[PDB]
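Asks: Mind having a look at this structure? Questions to follow.
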Ligand code: SF4
Ligand SMILES: [Cl-]
Ligand SMILES: [Zn+2]
């Protein structure tokens, strides 16, 4: 059994190709503003209601976002294996392992492994650290593969799933605008 963190609906659509019997965990205080949080949570909720997935929605609140912030407020650098995005992702998966340890699941994972390739090493390193600290096994698979990716793209266009074009945080939204 496994608890899977959900980053976004596109990546959930890819992940269910490979693993459909998970409890899913949408927890993303890294997202600003709230209107973008809600639009993405409603994407996922659309996917879950259509495929009858078990999704649990974590906390989003002026507190939670603030724990996130100061947790990454020291760093000014973006990208895989940047310190900031390592503390970020580590914040999210820490909460997912916490929830999985509380609920008794044996393993945790994340739809972040449905993301481009080049991100897998950083996410695997974080997962293993977290595993060590909380005693929930980190499950690693490249979810893009075996056609899952273009399946999940197929359904994204058929179902009108919102596909975001920035990471989530205000830093990356400045980044996209450049
Ligand atoms: S802002 Fe960029 S690096 Fe910061 S958490 Fe979101 S995606 Fe990761
Ligand atoms: Cl992503
Ligand atoms: Zn995502």
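Asks: Grab the DSSP H runs of the chain that are 4 residues or longer, score each as -39,500 (n - 2.57), total them, divide by all residues and round the 222 nm result to the nearest 500 deg cm²/dmol.
Replies: -16500 deg cm²/dmol
Asks: Rg and Dmax of the range 101-178, using alpha carbons, in Å: what are they?
Replies: In Å, with Rg to one decimal and Dmax whole: 15.5, 43.
Asks: To one decimal place, what Kirkwood hydrodynamic radius in Å is obtained for the chain from all pairs of distinct Cα atoms?
Replies: In the chain this quantity evaluates to 16.3 Å.
Asks: What list do you get for 156, 115, 109, 35 if you sort them by fewest beta carbons within 10 Å?
Replies: Taking fewest neighbouring Cβ atoms as first place, the list is 35, 156, 115, 109.
Asks: Ok, one more. Using label points projected 7 Å from each Cα along Cα→Cβ, tell me how many nm separate residue 52 and residue 20, to one decimal.
Replies: Modelled inter-label distance: 1.0 nm.
Asks: Using the Cα atoms as the points, what is the convex hull volume per residue of the range 30-95 in Å³?
Replies: It comes to 105 Å³ per residue, whole-number rounded.
Asks: Take 31, 65 and order them by how many other Cβ atoms sit within 10 Å, fewest up front.
Replies: 65, 31
Asks: Hey, what's the Cα Rg ratio for the range 7-54 versus the globular rule of thumb, 2.2 N^0.38 Å?
Replies: Cα-based Rg divided by the globular estimate yields 1.13.
Asks: Give the order of 45, 74 when sorted by the count of other beta carbons within 10 angstrom, beginning with the fewest.
Replies: Ascending number of Cβ neighbours within 10 Å: 74, 45.
Rule-based calculations on the coordinates, nothing more; no lab input. A quick note on method: Cβ atoms are made from the backbone with ideal geometry, for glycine too, and the neighbour counts reach across all protein chains shown.
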